[PDB]
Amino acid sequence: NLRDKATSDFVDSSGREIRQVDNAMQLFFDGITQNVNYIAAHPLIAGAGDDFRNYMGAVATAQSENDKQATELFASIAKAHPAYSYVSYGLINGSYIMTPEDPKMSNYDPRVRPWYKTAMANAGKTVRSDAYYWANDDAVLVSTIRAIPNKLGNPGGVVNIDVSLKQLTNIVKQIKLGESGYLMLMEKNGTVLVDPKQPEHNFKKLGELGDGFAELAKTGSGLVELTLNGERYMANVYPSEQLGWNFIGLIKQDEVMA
């Protein structure tokens, strides 16, 4: 009874707080989605042809005036939005526009990248990618992407605004459940996006972690009682339908029972 009341208070309180964090994250990504849709309708982008630089080999192809103008468009958007890591556009001929610009990039084909394949599978809709690694700058990124028509074909290319796991950690690290509790963020597939207490877990699979975290992977929703990191914890698994991610609120049982 008293145990039940303390437990239901945690589940109720943490769920009510997490649902507002879910809403916050959705508004953040809504703004990104809307800016991808703005870029996708822009005349330099919707009207793109075969004259953008191609970085598939050792040296980029020659830079056209249209490439310069599209690069500057993306640069100006990125300047106004410091939470964006990259703004880019990959085309079906392998050409690419990117900010921060890298005139020296080599051996890069956007068409083989996971964000590009995801957009093509969802053509005409603006969606988010699974988290993926970008080796060149040692970065784990989540893309907001849209495959669009242009002069090369329909679909002709994919617009992409990238955010780093660092931006997600900013929103998540704020939440304190009591004095010991915290919030984890995972993809449905089990990939950890944010562990604010043990960031070494970032971009690893929940079902492959030690210390009891693998048992969290079995729960789709609601309360879990479990031992974690050598201590008794309670967890509240909160799925975000719209983000396609799961929040997990974690707290020491010691704190709940006091």
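A residue's number is simply how far along the shown sequence it sits, counting from 1.
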Inset, instruction - Taking the mean of the C-alpha B-factors per stretch from the entry, tell me the winner out of 18 to 26 and 239 to 247. - result: 239 to 247
Inset, instruction - Higher average CA B factor in the deposited record is what I'm after, so tell me if that's 165 to 173 or 139 to 147. - result: 165 to 173
Legend entry - Candidate set 124, 94, 114, 100 [ranked by C-alpha B-factor, highest]: 124
Inset, instruction - Give the position of residue 82 by CA B-factor within its chain, expressed as the lowest, middle or highest third. - result: middle
Inset, instruction - Determine, from the deposited record, the chain-internal third of the Cα B-factor for residue 233: lowest, middle or highest. - result: middle
Legend entry - residue 129 by Cα B-factor - lowest, middle or highest third of the modelled chain: middle
Inset, instruction - Consider only the C-alpha atoms of the modelled residues in this chain, order them by B-factor as the entry records it, and name the third containing residue 180: lowest, middle or highest. - result: highest
Inset, instruction - Sort the modelled residues of this chain by their C-alpha B factor and say whether residue 193 lands in the lowest, middle or highest third. - result: middle
